[PDB]
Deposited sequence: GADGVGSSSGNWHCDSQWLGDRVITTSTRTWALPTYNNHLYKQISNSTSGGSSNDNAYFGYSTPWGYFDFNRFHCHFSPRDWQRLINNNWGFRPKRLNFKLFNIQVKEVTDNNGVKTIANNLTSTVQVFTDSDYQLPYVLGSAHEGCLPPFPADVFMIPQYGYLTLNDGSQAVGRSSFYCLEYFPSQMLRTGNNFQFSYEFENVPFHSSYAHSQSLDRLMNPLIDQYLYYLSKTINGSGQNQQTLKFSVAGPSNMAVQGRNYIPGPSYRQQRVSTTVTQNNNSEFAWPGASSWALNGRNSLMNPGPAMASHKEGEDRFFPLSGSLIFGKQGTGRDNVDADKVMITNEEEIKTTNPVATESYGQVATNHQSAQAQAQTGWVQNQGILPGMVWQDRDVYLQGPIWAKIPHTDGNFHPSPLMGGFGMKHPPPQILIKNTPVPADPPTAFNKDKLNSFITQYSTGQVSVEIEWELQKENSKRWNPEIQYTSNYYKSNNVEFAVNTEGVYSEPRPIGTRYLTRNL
């Protein structure tokens, strides 16, 4: 049993040990599954795939590796972090053999990047159940196609009863800029560039003129700038004050979505964009923000006080608001005949000179994702947050070997798991004179301490905690 965090200089080493229980899935069978087997009639929801007797270990969320204090200690004192190494151990096998193999060639479908439940519990005293491994493949409706694949995980050599080197990724930037993209200027000095201040002398006929003025401290909106904010794909704006929302169903009809092969997937969470404008936190994008859930909440149709809605507002300096248009583009040629016109731009892709911040990571949220293997990508960093990797922590597949032919003995296994990660850090060099914003607990008394068990012994994490507190210059 090893649980503790070694804080040494520019690096951290976190260790987590948990106890688990592994059942027998599908009565040791592989089974084809599709929406026909499920019962869904929708095309957007159609799927075809296979369920397996194997389980797998998912440590892909931060709260697995970090206590609430280790997270507080990380996010207040550091400008960046990223994983280096991993050491997965499995021991104290107890059966009532066991096969385990890691997929290091990435030859199976990779399901660890989809943000599924089944992680090691955040509180070390919990005992967790290993989730079942399954995967999907190509489909026409619920039917398959000649290009679909079938994977027998028995055909992989497994050990009957390791260490990993993370590939180089950029530091996750756990900080919030203390400047904004449009305000980078010296407030005291004029630019040498000119802009077109006026197009007509006065009221009347035939008044056209061109008057130019100097861009300066008095009018900052018209100054020349070297860089522009990142891309936008607009989301619908929902208010947490329900009387301010429209009296109609618009959750799916009004949502932003993308379409692939005729199937419409919701755009979730989507591009990295600020959740809301300054001063309005009662609004949140429809699919824009990662929505967690409070302990003991329930699966379907929970109220708003039963969820934790995360906000990205810290990136409103470099990133456009998710519920607002990107800007305006001139839509015609003016002339003596026609007035100049401009149109709202809802979505804007990459232009040269754009800068943006990625989505924040949370104690509860995912760590890494797997970059798909394709001829192209742009900025592979994943959209739910975390570190994108072509060859990420391998999947660790485990099952119970059957003991008897469909007649077998009802049997399960249990044991211990330890995973240890080394995290490289980036220290805060700031010369800021006045004190930083920090993540702190509130002194005011309460029935229960936060991030702690209650009188029934149920651990819970009260609010989502972002990584962005310290500041940098833009």
Q | Non-modelled portions of the deposited polymer sequence, in sequence order | A | 1-11, 108-124, 190-196, 440-450
